[PDB]
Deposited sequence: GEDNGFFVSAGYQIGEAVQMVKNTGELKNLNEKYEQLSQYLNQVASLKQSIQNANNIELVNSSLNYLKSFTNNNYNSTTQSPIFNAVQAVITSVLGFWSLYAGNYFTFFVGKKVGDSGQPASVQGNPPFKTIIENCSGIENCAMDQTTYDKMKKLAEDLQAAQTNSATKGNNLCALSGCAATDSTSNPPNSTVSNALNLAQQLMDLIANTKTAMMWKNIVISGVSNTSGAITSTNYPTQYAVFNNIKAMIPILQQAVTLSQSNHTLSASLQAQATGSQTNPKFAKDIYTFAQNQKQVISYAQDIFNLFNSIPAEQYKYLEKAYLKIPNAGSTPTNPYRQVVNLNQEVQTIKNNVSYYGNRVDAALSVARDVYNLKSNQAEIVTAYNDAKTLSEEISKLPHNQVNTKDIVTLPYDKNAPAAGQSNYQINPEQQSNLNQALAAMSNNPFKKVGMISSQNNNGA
């Protein structure tokens, strides 16, 4: 023992270093493997950028928008969790569809927080909510109104909103809600089989005190970031092509395929961040969000056009989780080959040092006393 065992551990590390350097160098020299990996990278970017059925980021956008309109549906919708009008305790109600009676403030808003909202502020929110709803769904066709990340097609009634336009409207709406010092009264929300059972949420507080609100709000800038990165990467893809045997040397291709692969991993990673934000929402709040379309008002007409899209929410969220695990593995493997292509030179120099270290150490050990 003593410093002998340590020398053996050290020799062991050196030789593992040689083996992995060897593998990496061999990978960079493996034209078929390099092209195979590039083809996967490009094929993912092509779907991500151009498709509305096979794009993980597009699907993520669908989930986030649906959840923003789902939250709006809970918070306001057909029966608000706040009172819109002038709060003289005497309250003068604005004549807006969904406004609860003023006695609701007395019943459900004891405690410092204010639960009323100025009509002009509500108007701004309602307008943003309507714009976001139109961006998502074509009222005429009842079909999808969001374009692939590549943009809207020129001119049969096609989708006419970019995902950036929808994300921007969502961002403004959530920002406005966060900044408005009006508390939401969850007890105003009536959903059969949910608000009348245990676990029901009945508390009153500013939206920024609820994880469902905060988490959904945080998804937007992350998704905006992901969208930009998907578009940069589609651009980068255009400058990368399958290599001729021996031409994967070119420093430019080396550095580009590596950047390409890192970026595409970051895209997947942003999608994972969004999945995590959905999965961090307390179960009971998520249940309210999923069922928001069943919300019924406690007074006046019971609307026949609630926000039903929320029924697709959970499937869309699970799709993010499946996309992440499926493409996550594959991009890791592609990224690995790209890193080796990029490090080929550096590795060739490093393996000579590591091999010599091992040869030396092995020889020292060979001469050590027994």
Quiz item: When the deposited sequence is counted from residue 1, which ranges lack any model?
Solution: 1 to 26, 115, 183 to 185, 401 to 461
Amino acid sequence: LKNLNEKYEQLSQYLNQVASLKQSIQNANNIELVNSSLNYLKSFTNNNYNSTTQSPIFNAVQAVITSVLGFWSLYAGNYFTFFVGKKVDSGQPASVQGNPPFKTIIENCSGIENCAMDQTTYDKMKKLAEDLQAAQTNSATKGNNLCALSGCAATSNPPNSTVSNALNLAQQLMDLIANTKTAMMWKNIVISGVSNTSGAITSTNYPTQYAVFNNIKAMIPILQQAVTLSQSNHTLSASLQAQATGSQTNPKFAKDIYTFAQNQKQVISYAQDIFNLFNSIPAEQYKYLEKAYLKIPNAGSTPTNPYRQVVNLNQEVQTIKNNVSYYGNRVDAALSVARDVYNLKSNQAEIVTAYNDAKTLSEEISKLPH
From here on, numbers count along this sequence of modelled residues.
Practice problem: Between 55 to 63 and 337 to 345, point out the one with the higher average CA B-factor as the PDB entry records it. | Solution: 337 to 345
Quiz item: Which wins on mean Cα temperature factor, 271 to 279 or 139 to 147?
Solution: 139 to 147
Quiz item: At the C-alpha atoms, which of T204, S90, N196, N168 reaches the highest B-factor in this entry?
Solution: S90
Self-check item: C152, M185, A76, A211, ranked by C-alpha B-factor: the highest one
Solution: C152
Practice problem: Name the third of the chain's ranked CA B-factors that contains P101, choosing lowest, middle or highest. | Solution: lowest
Quiz item: Against its chain's modelled residues, does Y122's Cα B factor rank lowest, middle or highest third?
Solution: lowest
Quiz item: Among the chain's modelled residues, which third holds the C-alpha B-factor of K252?
Solution: highest
Quiz item: Comparing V311 with the other modelled residues of its chain, is its CA B-factor in the lowest, middle or highest third?
Solution: highest
Quiz item: In terms of the CA temperature factor given in the entry, to which third of its chain does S237 belong: lowest, middle or highest?
Solution: highest
